[PDB]
Amino acid sequence: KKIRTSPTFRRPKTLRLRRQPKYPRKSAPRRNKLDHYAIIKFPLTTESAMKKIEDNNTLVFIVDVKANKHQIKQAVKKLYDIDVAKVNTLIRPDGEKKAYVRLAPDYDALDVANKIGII
Amino acid sequence: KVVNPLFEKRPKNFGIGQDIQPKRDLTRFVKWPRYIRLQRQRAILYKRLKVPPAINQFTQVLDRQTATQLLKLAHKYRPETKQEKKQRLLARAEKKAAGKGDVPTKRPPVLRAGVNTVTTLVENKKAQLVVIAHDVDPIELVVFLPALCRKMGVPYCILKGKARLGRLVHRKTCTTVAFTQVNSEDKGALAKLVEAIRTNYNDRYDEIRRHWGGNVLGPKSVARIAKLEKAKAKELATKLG
Amino acid sequence: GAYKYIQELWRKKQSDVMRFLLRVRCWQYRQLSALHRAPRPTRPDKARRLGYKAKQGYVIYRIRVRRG
Amino acid sequence: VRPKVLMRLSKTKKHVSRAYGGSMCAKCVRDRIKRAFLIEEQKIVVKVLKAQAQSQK
Amino acid sequence: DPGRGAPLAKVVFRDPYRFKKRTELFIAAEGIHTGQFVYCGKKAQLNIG
RNA sequence: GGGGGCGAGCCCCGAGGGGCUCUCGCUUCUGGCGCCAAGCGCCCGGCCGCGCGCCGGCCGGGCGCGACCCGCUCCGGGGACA
């Protein structure tokens, strides 16, 4: 009481199990070497960068090259407790990433620059 | 009324150019895989080619009633089992030094399983009945052995299935099973089976060895040969008779 | 034992039974791939004489090489 | 318009309220309607003549 | 067809086993027009195309 | 292989019809459409009333015919030769 409907013979869908390993291949998971401190190296004290901070409500940072804009945003928000309007990235011809962090207009840029130390 | 005239018959014409053909039985025309087509047309080659009698003697198989009676007799003499070995060792280990047991006493008769043991105790003429599975996949293991049983005078029979021959022992496959020793309550049934097997295999081994077998054409060509023979009979049988 | 009977049975290759067996096995092995795992030895006496012990771990392949 | 703008457009800007609308012009639609009807009516006529041939012979 | 002196004809059949319009590439005979019913098989009548 | 008949013929014929070879698996005035079954038969579950429930009404499912059966090469063309 079973007939071949189709003239082709396709391979039957057999049951396959999942990875239930008896021992883990590595003893510990790898620690996060892309932390909030290690992802932001330093800000710039360029006069052009300070004009950018004083005029356009931003902060200029030098970032490791393996970073996302979301990573830089959550990194600034985690380190200095300040909200971010947007993160705007480029890569210099020296290997480093440059991040213009446009801040929210409820917090000042010159005050948080005085907090982080640059003037 | 319980009937409704809104129920149109609307039959379907399953003809050429008419309505579409249904999903009918199509097992005749499946593109089967290579191993399926190989194991089918291998048996087709066994049907076509002139099989020599040393291989073709295994199509002669002992029948259903005598096979079930032989299995009923072998079930009385099936060997022991895994952990029944352990019970049999532990019982004699407790019998050794608890109640002055020296144990030379008695072992029950069992069957044999390998072709080596079967050929040795047929050459020793210690066998009484040798069961051979017909469906061993290398046939070279058992070709000589029916002839060897006929030479040594030991009755040999051939049964369907190395699977059900190896279900007598607690294993998967088995090719030869020898009956060495039987009890007095089963010796009469053993002699009846020996007579019924010897009047089928040993007494007409000349007809078995001369029984060539093969050249069985496929039905598509057998029907064509039969059509040509009926055409020749229609052309010249009523011209004479 | 049966291994000596199987030994001279594989020696007598010119007889009709062994010619039929070599024809059927040659067809069956030609209709397969060039290299494939066999689960059991087709010629167990020769396999044992060369060193195949039927236990876990000894594997056999069957393989086609062109002639000439 | 470019065919991915059709993903942006509304439903009534992509077809017309007619059977086979937005995929076939109305002249070929009405010719297809009357063609279906006339082939069906000639099949009815051939079936009636076949039934009369069955009733006679 | 490029590289061919003969014109080809798209001929659409209905597949008698699955609901699908099968198209074919025939070589149209001299006199074959579009909208023509090309028959094919053993019981086909003897006319052009 | 025979069930099916508008059928083409043979034999017997009691003029109902049975066996035998063929026609087919039923489409040619036209740039239309055609799938995921209709109908019948046999069963099953839940609710209500007769209560002897394979009884009656509602809702939900299964199987077979419809779509014949048996087979050992998927069909053909070569083939002991290329």
# chains A, B, ... in the order shown; residues from 1 in each chain; ligands from 1
call {"tool": "residues_around", "arguments": {"residues": "stretch 3-18 of chain E", "least_positions_apart": "2", "cutoff": "9 Å", "atoms": "only C-alpha atoms (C1' of nucleotides)", "output": "PDB file with N, CA, C and O atoms (P, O5', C5', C4', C3', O3' and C1' of nucleotides), in the first residue's frame"}}
result
ATOM      1  N   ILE B  16      -5.000  10.758 -24.259  1.00  0.00           N
ATOM      2  CA  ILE B  16      -3.973  11.598 -24.859  1.00  0.00           C
ATOM      3  C   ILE B  16      -4.619  12.877 -25.373  1.00  0.00           C
ATOM      4  O   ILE B  16      -5.600  12.834 -26.124  1.00  0.00           O
ATOM      5  N   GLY B  17      -4.091  14.023 -24.944  1.00  0.00           N
ATOM      6  CA  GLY B  17      -4.683  15.306 -25.262  1.00  0.00           C
ATOM      7  C   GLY B  17      -5.833  15.715 -24.371  1.00  0.00           C
ATOM      8  O   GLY B  17      -6.213  16.894 -24.376  1.00  0.00           O
ATOM      9  N   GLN B  18      -6.394  14.785 -23.609  1.00  0.00           N
ATOM     10  CA  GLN B  18      -7.476  15.029 -22.668  1.00  0.00           C
ATOM     11  C   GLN B  18      -6.882  15.497 -21.338  1.00  0.00           C
ATOM     12  O   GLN B  18      -5.745  15.975 -21.292  1.00  0.00           O
ATOM     13  N   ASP B  19      -7.669  15.417 -20.262  1.00  0.00           N
ATOM     14  CA  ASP B  19      -7.258  15.830 -18.924  1.00  0.00           C
ATOM     15  C   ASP B  19      -6.028  15.044 -18.451  1.00  0.00           C
ATOM     16  O   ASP B  19      -5.704  13.970 -18.967  1.00  0.00           O
ATOM     17  N   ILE B  20      -5.350  15.605 -17.443  1.00  0.00           N
ATOM     18  CA  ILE B  20      -3.998  15.193 -17.085  1.00  0.00           C
ATOM     19  C   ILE B  20      -3.994  13.780 -16.486  1.00  0.00           C
ATOM     20  O   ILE B  20      -5.015  13.279 -15.998  1.00  0.00           O
ATOM     21  N   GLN B  21      -2.842  13.114 -16.575  1.00  0.00           N
ATOM     22  CA  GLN B  21      -2.725  11.730 -16.141  1.00  0.00           C
ATOM     23  C   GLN B  21      -2.467  11.670 -14.635  1.00  0.00           C
ATOM     24  O   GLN B  21      -1.718  12.491 -14.102  1.00  0.00           O
ATOM     25  N   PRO B  22      -3.071  10.716 -13.932  1.00  0.00           N
ATOM     26  CA  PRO B  22      -2.972  10.697 -12.472  1.00  0.00           C
ATOM     27  C   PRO B  22      -1.639  10.140 -12.000  1.00  0.00           C
ATOM     28  O   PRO B  22      -0.886   9.515 -12.748  1.00  0.00           O
ATOM     29  N   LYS B  23      -1.363  10.379 -10.719  1.00  0.00           N
ATOM     30  CA  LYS B  23      -0.153   9.870 -10.077  1.00  0.00           C
ATOM     31  C   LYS B  23      -0.363   8.388  -9.782  1.00  0.00           C
ATOM     32  O   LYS B  23      -0.734   7.978  -8.680  1.00  0.00           O
TER      33      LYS B  23
ATOM     34  N   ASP E   1      17.960  32.530 -35.605  1.00  0.00           N
ATOM     35  CA  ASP E   1      19.101  32.074 -34.823  1.00  0.00           C
ATOM     36  C   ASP E   1      20.392  32.513 -35.493  1.00  0.00           C
ATOM     37  O   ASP E   1      20.517  32.380 -36.719  1.00  0.00           O
ATOM     38  N   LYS E  20       2.111  22.045 -16.664  1.00  0.00           N
ATOM     39  CA  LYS E  20       3.180  22.951 -17.054  1.00  0.00           C
ATOM     40  C   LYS E  20       3.200  23.038 -18.573  1.00  0.00           C
ATOM     41  O   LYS E  20       3.056  22.020 -19.254  1.00  0.00           O
ATOM     42  N   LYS E  21       3.380  24.248 -19.095  1.00  0.00           N
ATOM     43  CA  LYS E  21       3.472  24.464 -20.534  1.00  0.00           C
ATOM     44  C   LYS E  21       4.919  24.268 -20.970  1.00  0.00           C
ATOM     45  O   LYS E  21       5.779  25.114 -20.699  1.00  0.00           O
ATOM     46  N   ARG E  22       5.187  23.154 -21.645  1.00  0.00           N
ATOM     47  CA  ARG E  22       6.519  22.848 -22.149  1.00  0.00           C
ATOM     48  C   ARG E  22       6.713  23.501 -23.511  1.00  0.00           C
ATOM     49  O   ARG E  22       5.870  23.353 -24.401  1.00  0.00           O
ATOM     50  N   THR E  23       7.824  24.212 -23.673  1.00  0.00           N
ATOM     51  CA  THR E  23       8.177  24.829 -24.940  1.00  0.00           C
ATOM     52  C   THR E  23       9.296  24.041 -25.611  1.00  0.00           C
ATOM     53  O   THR E  23      10.082  23.355 -24.950  1.00  0.00           O
ATOM     54  N   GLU E  24       9.340  24.117 -26.940  1.00  0.00           N
ATOM     55  CA  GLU E  24      10.299  23.359 -27.732  1.00  0.00           C
ATOM     56  C   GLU E  24      10.857  24.233 -28.844  1.00  0.00           C
ATOM     57  O   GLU E  24      10.239  25.220 -29.251  1.00  0.00           O
ATOM     58  N   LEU E  25      12.035  23.854 -29.333  1.00  0.00           N
ATOM     59  CA  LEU E  25      12.706  24.546 -30.434  1.00  0.00           C
ATOM     60  C   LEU E  25      12.674  23.649 -31.664  1.00  0.00           C
ATOM     61  O   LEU E  25      13.551  22.813 -31.873  1.00  0.00           O
ATOM     62  N   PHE E  26      11.653  23.829 -32.486  1.00  0.00           N
ATOM     63  CA  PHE E  26      11.597  23.155 -33.770  1.00  0.00           C
ATOM     64  C   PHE E  26      12.214  24.029 -34.851  1.00  0.00           C
ATOM     65  O   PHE E  26      12.538  25.199 -34.636  1.00  0.00           O
ATOM     66  N   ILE E  27      12.381  23.436 -36.024  1.00  0.00           N
ATOM     67  CA  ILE E  27      12.686  24.185 -37.232  1.00  0.00           C
ATOM     68  C   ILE E  27      11.406  24.272 -38.046  1.00  0.00           C
ATOM     69  O   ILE E  27      10.875  23.249 -38.495  1.00  0.00           O
ATOM     70  N   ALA E  28      10.898  25.488 -38.218  1.00  0.00           N
ATOM     71  CA  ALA E  28       9.629  25.679 -38.901  1.00  0.00           C
ATOM     72  C   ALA E  28       9.791  25.428 -40.392  1.00  0.00           C
ATOM     73  O   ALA E  28      10.759  25.880 -41.009  1.00  0.00           O
ATOM     74  N   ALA E  29       8.847  24.686 -40.965  1.00  0.00           N
ATOM     75  CA  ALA E  29       8.851  24.450 -42.395  1.00  0.00           C
ATOM     76  C   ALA E  29       8.438  25.717 -43.139  1.00  0.00           C
ATOM     77  O   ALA E  29       7.901  26.666 -42.561  1.00  0.00           O
ATOM     78  N   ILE E  32       4.972  27.785 -42.385  1.00  0.00           N
ATOM     79  CA  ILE E  32       4.476  27.751 -41.014  1.00  0.00           C
ATOM     80  C   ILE E  32       4.321  29.174 -40.501  1.00  0.00           C
ATOM     81  O   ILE E  32       5.269  29.967 -40.535  1.00  0.00           O
ATOM     82  N   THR E  34       2.557  31.806 -37.268  1.00  0.00           N
ATOM     83  CA  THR E  34       2.290  31.799 -35.841  1.00  0.00           C
ATOM     84  C   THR E  34       0.807  31.568 -35.578  1.00  0.00           C
ATOM     85  O   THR E  34      -0.052  31.817 -36.429  1.00  0.00           O
ATOM     86  N   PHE E  37      -1.446  25.249 -35.010  1.00  0.00           N
ATOM     87  CA  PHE E  37      -1.434  24.054 -34.175  1.00  0.00           C
ATOM     88  C   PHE E  37      -0.533  23.021 -34.834  1.00  0.00           C
ATOM     89  O   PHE E  37      -0.896  22.412 -35.842  1.00  0.00           O
ATOM     90  N   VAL E  38       0.653  22.829 -34.265  1.00  0.00           N
ATOM     91  CA  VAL E  38       1.537  21.745 -34.674  1.00  0.00           C
ATOM     92  C   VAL E  38       1.198  20.521 -33.830  1.00  0.00           C
ATOM     93  O   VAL E  38       1.313  20.546 -32.602  1.00  0.00           O
TER      94      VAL E  38
ATOM     95  P     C F  35      -7.540  21.395 -13.693  1.00  0.00           P
ATOM     96  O5'   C F  35      -6.904  19.988 -13.293  1.00  0.00           O
ATOM     97  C5'   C F  35      -5.696  19.527 -13.882  1.00  0.00           C
ATOM     98  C4'   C F  35      -4.675  19.149 -12.840  1.00  0.00           C
ATOM     99  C3'   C F  35      -5.129  19.235 -11.394  1.00  0.00           C
ATOM    100  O3'   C F  35      -5.870  18.096 -10.995  1.00  0.00           O
ATOM    101  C1'   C F  35      -2.975  20.207 -11.627  1.00  0.00           C
TER     102        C F  35
END
call {"tool": "interface_residues", "arguments": {"of": "chain F", "to": "chain A", "cutoff": "12 Å", "atoms": "only C-alpha atoms (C1' of nucleotides)", "output": "number ranges by chain"}}
result
F: 63-64, 74
call {"tool": "write_last_selection", "arguments": {"atoms": "N, CA, C and O atoms (P, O5', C5', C4', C3', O3' and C1' of nucleotides)", "output": "PDB file, in the first residue's frame"}}
result
ATOM      1  P     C F  63      -6.111   6.605   3.096  1.00  0.00           P
ATOM      2  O5'   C F  63      -6.721   5.219   2.600  1.00  0.00           O
ATOM      3  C5'   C F  63      -6.221   3.985   3.092  1.00  0.00           C
ATOM      4  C4'   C F  63      -7.148   2.844   2.756  1.00  0.00           C
ATOM      5  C3'   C F  63      -7.505   2.695   1.287  1.00  0.00           C
ATOM      6  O3'   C F  63      -6.500   2.035   0.537  1.00  0.00           O
ATOM      7  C1'   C F  63      -9.469   2.532   2.600  1.00  0.00           C
ATOM      8  P     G F  64      -6.151   2.528  -0.951  1.00  0.00           P
ATOM      9  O5'   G F  64      -7.232   1.793  -1.861  1.00  0.00           O
ATOM     10  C5'   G F  64      -7.285   0.376  -1.920  1.00  0.00           C
ATOM     11  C4'   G F  64      -8.570  -0.107  -2.540  1.00  0.00           C
ATOM     12  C3'   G F  64      -8.909   0.463  -3.909  1.00  0.00           C
ATOM     13  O3'   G F  64      -8.219  -0.183  -4.964  1.00  0.00           O
ATOM     14  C1'   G F  64     -10.819   0.560  -2.523  1.00  0.00           C
ATOM     15  P     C F  74      16.297  -1.613 -16.013  1.00  0.00           P
ATOM     16  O5'   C F  74      14.747  -1.463 -16.345  1.00  0.00           O
ATOM     17  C5'   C F  74      13.953  -0.477 -15.703  1.00  0.00           C
ATOM     18  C4'   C F  74      13.312   0.447 -16.707  1.00  0.00           C
ATOM     19  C3'   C F  74      13.390  -0.001 -18.158  1.00  0.00           C
ATOM     20  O3'   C F  74      12.379  -0.941 -18.480  1.00  0.00           O
ATOM     21  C1'   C F  74      13.959   2.303 -17.982  1.00  0.00           C
TER      22        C F  74
END
call {"tool": "atom_distance", "arguments": {"atom1": "atom CA of residue D:37", "atom2": "atom CA of residue D:20"}}
result
16.4 Å
call {"tool": "atom_distance", "arguments": {"atom1": "atom CA of residue C:7", "atom2": "atom CA of residue C:45"}}
result
6.6 Å
call {"tool": "residues_around", "arguments": {"residues": "residue F:60", "least_positions_apart": "2", "cutoff": "12 Å", "atoms": "only C-alpha atoms (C1' of nucleotides)", "output": "NGL selection string"}}
result
:F and (44-46 or 58 or 62)
call {"tool": "write_last_selection", "arguments": {"atoms": "N, CA, C and O atoms (P, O5', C5', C4', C3', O3' and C1' of nucleotides)", "output": "PDB file, in the first residue's frame"}}
result
ATOM      1  P     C F  44     -17.444   0.706  12.311  1.00  0.00           P
ATOM      2  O5'   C F  44     -16.436   1.885  12.677  1.00  0.00           O
ATOM      3  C5'   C F  44     -15.109   1.598  13.092  1.00  0.00           C
ATOM      4  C4'   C F  44     -14.319   2.853  13.359  1.00  0.00           C
ATOM      5  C3'   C F  44     -14.960   3.866  14.290  1.00  0.00           C
ATOM      6  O3'   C F  44     -14.855   3.513  15.657  1.00  0.00           O
ATOM      7  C1'   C F  44     -14.024   4.981  12.421  1.00  0.00           C
ATOM      8  P     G F  45     -15.956   4.028  16.707  1.00  0.00           P
ATOM      9  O5'   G F  45     -15.511   5.522  17.033  1.00  0.00           O
ATOM     10  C5'   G F  45     -14.238   5.793  17.603  1.00  0.00           C
ATOM     11  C4'   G F  45     -13.960   7.274  17.664  1.00  0.00           C
ATOM     12  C3'   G F  45     -15.041   8.131  18.299  1.00  0.00           C
ATOM     13  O3'   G F  45     -15.013   8.100  19.715  1.00  0.00           O
ATOM     14  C1'   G F  45     -14.311   9.143  16.294  1.00  0.00           C
ATOM     15  P     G F  46     -16.387   8.139  20.548  1.00  0.00           P
ATOM     16  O5'   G F  46     -16.752   9.688  20.618  1.00  0.00           O
ATOM     17  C5'   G F  46     -15.934  10.597  21.341  1.00  0.00           C
ATOM     18  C4'   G F  46     -16.335  12.028  21.085  1.00  0.00           C
ATOM     19  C3'   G F  46     -17.789  12.376  21.369  1.00  0.00           C
ATOM     20  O3'   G F  46     -18.047  12.620  22.742  1.00  0.00           O
ATOM     21  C1'   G F  46     -17.185  13.225  19.255  1.00  0.00           C
ATOM     22  P     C F  58     -27.087  16.187   8.428  1.00  0.00           P
ATOM     23  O5'   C F  58     -26.271  16.901   9.597  1.00  0.00           O
ATOM     24  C5'   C F  58     -26.556  18.237   9.987  1.00  0.00           C
ATOM     25  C4'   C F  58     -25.612  18.711  11.066  1.00  0.00           C
ATOM     26  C3'   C F  58     -24.132  18.672  10.717  1.00  0.00           C
ATOM     27  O3'   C F  58     -23.716  19.809   9.989  1.00  0.00           O
ATOM     28  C1'   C F  58     -24.469  17.720  12.860  1.00  0.00           C
ATOM     29  P     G F  62      -8.128  11.330   5.416  1.00  0.00           P
ATOM     30  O5'   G F  62      -8.139   9.747   5.595  1.00  0.00           O
ATOM     31  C5'   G F  62      -7.238   9.107   6.486  1.00  0.00           C
ATOM     32  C4'   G F  62      -7.502   7.625   6.564  1.00  0.00           C
ATOM     33  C3'   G F  62      -7.603   6.899   5.232  1.00  0.00           C
ATOM     34  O3'   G F  62      -6.335   6.582   4.685  1.00  0.00           O
ATOM     35  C1'   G F  62      -9.393   6.243   6.633  1.00  0.00           C
TER      36        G F  62
END
call {"tool": "residues_around", "arguments": {"residues": "residue F:39", "least_positions_apart": "6", "cutoff": "9 Å", "atoms": "only C-alpha atoms (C1' of nucleotides)", "output": "MDAnalysis selection string"}}
result
(chainID B and resid 7:11) or (chainID F and resid 66)
call {"tool": "select_by_dssp", "arguments": {"residues": "stretch 29-80 of chain A", "states": "strand (DSSP E)", "output": "VMD selection string"}}
result
chain A and resid 40 to 43 58 to 63
call {"tool": "residues_around", "arguments": {"residues": "stretch 3-6 of chain C", "least_positions_apart": "4", "cutoff": "7 Å", "atoms": "only C-alpha atoms (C1' of nucleotides)", "output": "JSON, numbers by chain"}}
result
{"B": [140, 141], "C": [10, 45]}
call {"tool": "write_last_selection", "arguments": {"atoms": "C-alpha atoms", "output": "PDB file, in the first residue's frame"}}
result
ATOM      1  CA  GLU B 140      33.544 -20.841  -2.466  1.00  0.00           C
ATOM      2  CA  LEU B 141      33.117 -21.559   1.259  1.00  0.00           C
TER       3      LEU B 141
ATOM      4  CA  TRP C  10      40.854 -21.011  -5.851  1.00  0.00           C
ATOM      5  CA  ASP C  45      41.865 -18.178   2.846  1.00  0.00           C
TER       6      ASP C  45
END
call {"tool": "residues_around", "arguments": {"residues": "residue C:34", "least_positions_apart": "2", "cutoff": "9 Å", "atoms": "only C-alpha atoms (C1' of nucleotides)", "output": "PyMOL selection string"}}
result
chain C and resi 29-30+32+36+62-65
call {"tool": "atom_distance", "arguments": {"atom1": "atom CA of residue E:36", "atom2": "atom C1' of residue F:31"}}
result
7.2 Å
call {"tool": "residues_around", "arguments": {"residues": "residue B:214", "least_positions_apart": "2", "cutoff": "6 Å", "atoms": "only C-alpha atoms (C1' of nucleotides)", "output": "count of residues only"}}
result
4
call {"tool": "select_by_dssp", "arguments": {"residues": "chain A", "states": "alpha helix (DSSP H)", "output": "JSON, numbers by chain"}}
result
{"A": [36, 37, 38, 39, 47, 48, 49, 50, 51, 52, 53, 54, 55, 56, 69, 70, 71, 72, 73, 74, 75, 76, 77, 78, 79, 109, 110, 111, 112, 113, 114, 115, 116]}
call {"tool": "closest_residue", "arguments": {"among": "A:82, A:88, A:47, A:10", "to": "residue A:68", "atoms": "only C-alpha atoms"}}
result
A:88
call {"tool": "interface_residues", "arguments": {"of": "chain F", "to": "chain E", "cutoff": "12 Å", "atoms": "only C-alpha atoms (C1' of nucleotides)", "output": "list in words"}}
result
residues 24, 27, 28, 30, 31, 33, 34, 35 and 36 of chain F
call {"tool": "write_last_selection", "arguments": {"atoms": "N, CA, C and O atoms (P, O5', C5', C4', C3', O3' and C1' of nucleotides)", "output": "PDB file, in the first residue's frame"}}
result
ATOM      1  P     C F  24      -4.715   1.766 -32.999  1.00  0.00           P
ATOM      2  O5'   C F  24      -4.790   2.780 -31.777  1.00  0.00           O
ATOM      3  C5'   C F  24      -5.062   2.303 -30.471  1.00  0.00           C
ATOM      4  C4'   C F  24      -6.374   2.823 -29.941  1.00  0.00           C
ATOM      5  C3'   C F  24      -6.337   3.313 -28.501  1.00  0.00           C
ATOM      6  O3'   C F  24      -5.926   4.668 -28.405  1.00  0.00           O
ATOM      7  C1'   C F  24      -8.177   1.837 -28.802  1.00  0.00           C
ATOM      8  P     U F  27     -11.638  10.452 -29.678  1.00  0.00           P
ATOM      9  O5'   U F  27     -11.772  11.973 -29.226  1.00  0.00           O
ATOM     10  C5'   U F  27     -11.628  13.016 -30.178  1.00  0.00           C
ATOM     11  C4'   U F  27     -10.995  14.247 -29.581  1.00  0.00           C
ATOM     12  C3'   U F  27     -10.174  15.086 -30.546  1.00  0.00           C
ATOM     13  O3'   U F  27     -10.968  15.941 -31.348  1.00  0.00           O
ATOM     14  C1'   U F  27      -8.954  14.765 -28.545  1.00  0.00           C
ATOM     15  P     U F  28     -10.956  15.780 -32.945  1.00  0.00           P
ATOM     16  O5'   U F  28      -9.698  16.638 -33.408  1.00  0.00           O
ATOM     17  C5'   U F  28      -9.706  18.058 -33.304  1.00  0.00           C
ATOM     18  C4'   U F  28      -9.470  18.736 -34.635  1.00  0.00           C
ATOM     19  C3'   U F  28     -10.201  18.136 -35.838  1.00  0.00           C
ATOM     20  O3'   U F  28     -10.637  19.187 -36.699  1.00  0.00           O
ATOM     21  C1'   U F  28      -7.873  18.179 -36.257  1.00  0.00           C
ATOM     22  P     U F  30      -8.762  24.121 -36.643  1.00  0.00           P
ATOM     23  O5'   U F  30      -8.627  25.449 -35.775  1.00  0.00           O
ATOM     24  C5'   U F  30      -7.865  26.548 -36.260  1.00  0.00           C
ATOM     25  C4'   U F  30      -8.440  27.885 -35.854  1.00  0.00           C
ATOM     26  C3'   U F  30      -8.058  28.384 -34.455  1.00  0.00           C
ATOM     27  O3'   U F  30      -7.832  29.794 -34.501  1.00  0.00           O
ATOM     28  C1'   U F  30     -10.401  28.373 -34.681  1.00  0.00           C
ATOM     29  P     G F  31      -6.359  30.389 -34.758  1.00  0.00           P
ATOM     30  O5'   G F  31      -5.771  30.629 -33.298  1.00  0.00           O
ATOM     31  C5'   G F  31      -5.130  29.575 -32.586  1.00  0.00           C
ATOM     32  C4'   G F  31      -4.375  30.055 -31.369  1.00  0.00           C
ATOM     33  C3'   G F  31      -5.172  30.877 -30.358  1.00  0.00           C
ATOM     34  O3'   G F  31      -4.726  30.569 -29.035  1.00  0.00           O
ATOM     35  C1'   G F  31      -3.341  32.153 -31.174  1.00  0.00           C
ATOM     36  P     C F  33      -5.135  29.559 -22.819  1.00  0.00           P
ATOM     37  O5'   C F  33      -5.998  28.785 -21.727  1.00  0.00           O
ATOM     38  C5'   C F  33      -6.519  29.459 -20.591  1.00  0.00           C
ATOM     39  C4'   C F  33      -7.506  28.596 -19.846  1.00  0.00           C
ATOM     40  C3'   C F  33      -6.944  27.321 -19.238  1.00  0.00           C
ATOM     41  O3'   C F  33      -6.344  27.547 -17.975  1.00  0.00           O
ATOM     42  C1'   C F  33      -8.966  26.845 -20.384  1.00  0.00           C
ATOM     43  P     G F  34      -5.119  26.639 -17.469  1.00  0.00           P
ATOM     44  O5'   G F  34      -5.762  25.202 -17.208  1.00  0.00           O
ATOM     45  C5'   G F  34      -6.673  24.986 -16.134  1.00  0.00           C
ATOM     46  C4'   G F  34      -7.407  23.670 -16.264  1.00  0.00           C
ATOM     47  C3'   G F  34      -6.586  22.426 -15.925  1.00  0.00           C
ATOM     48  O3'   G F  34      -7.422  21.453 -15.296  1.00  0.00           O
ATOM     49  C1'   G F  34      -7.390  22.260 -18.138  1.00  0.00           C
ATOM     50  P     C F  35      -7.540  21.395 -13.693  1.00  0.00           P
ATOM     51  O5'   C F  35      -6.904  19.988 -13.293  1.00  0.00           O
ATOM     52  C5'   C F  35      -5.696  19.527 -13.882  1.00  0.00           C
ATOM     53  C4'   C F  35      -4.675  19.149 -12.840  1.00  0.00           C
ATOM     54  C3'   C F  35      -5.129  19.235 -11.394  1.00  0.00           C
ATOM     55  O3'   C F  35      -5.870  18.096 -10.995  1.00  0.00           O
ATOM     56  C1'   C F  35      -2.975  20.207 -11.627  1.00  0.00           C
ATOM     57  P     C F  36      -7.031  18.223  -9.895  1.00  0.00           P
ATOM     58  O5'   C F  36      -6.245  18.247  -8.510  1.00  0.00           O
ATOM     59  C5'   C F  36      -5.412  17.164  -8.125  1.00  0.00           C
ATOM     60  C4'   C F  36      -4.545  17.534  -6.950  1.00  0.00           C
ATOM     61  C3'   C F  36      -5.281  18.046  -5.721  1.00  0.00           C
ATOM     62  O3'   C F  36      -5.799  17.001  -4.918  1.00  0.00           O
ATOM     63  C1'   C F  36      -3.441  19.460  -6.200  1.00  0.00           C
TER      64        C F  36
END
call {"tool": "interface_residues", "arguments": {"of": "chain C", "to": "chain B", "cutoff": "9 Å", "atoms": "only C-alpha atoms", "output": "list in words"}}
result
residues 1, 2, 3, 5, 6, 9, 10, 16, 17, 18, 20, 21, 24, 27, 28, 31, 32, 41, 42, 43 and 44 of chain C
call {"tool": "interface_residues", "arguments": {"of": "chain B", "to": "chain A", "cutoff": "7 Å", "atoms": "only C-alpha atoms", "output": "list in words"}}
result
residues 23, 24, 25, 26, 27, 29, 30, 31 and 32 of chain B
call {"tool": "write_last_selection", "arguments": {"atoms": "C-alpha atoms", "output": "mmCIF file, in the first residue's frame"}}
result
data_model
loop_
_atom_site.group_PDB
_atom_site.id
_atom_site.type_symbol
_atom_site.label_atom_id
_atom_site.label_comp_id
_atom_site.auth_asym_id
_atom_site.auth_seq_id
_atom_site.Cartn_x
_atom_site.Cartn_y
_atom_site.Cartn_z
ATOM 1 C CA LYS B 23 -0.153 9.870 -10.077
ATOM 2 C CA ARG B 24 -0.369 6.139 -10.713
ATOM 3 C CA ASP B 25 1.977 3.275 -9.833
ATOM 4 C CA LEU B 26 5.408 3.999 -11.320
ATOM 5 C CA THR B 27 7.667 1.461 -9.575
ATOM 6 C CA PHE B 29 10.175 3.049 -14.218
ATOM 7 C CA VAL B 30 12.072 4.413 -11.205
ATOM 8 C CA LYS B 31 15.632 5.497 -11.890
ATOM 9 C CA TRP B 32 16.996 3.248 -9.163
#
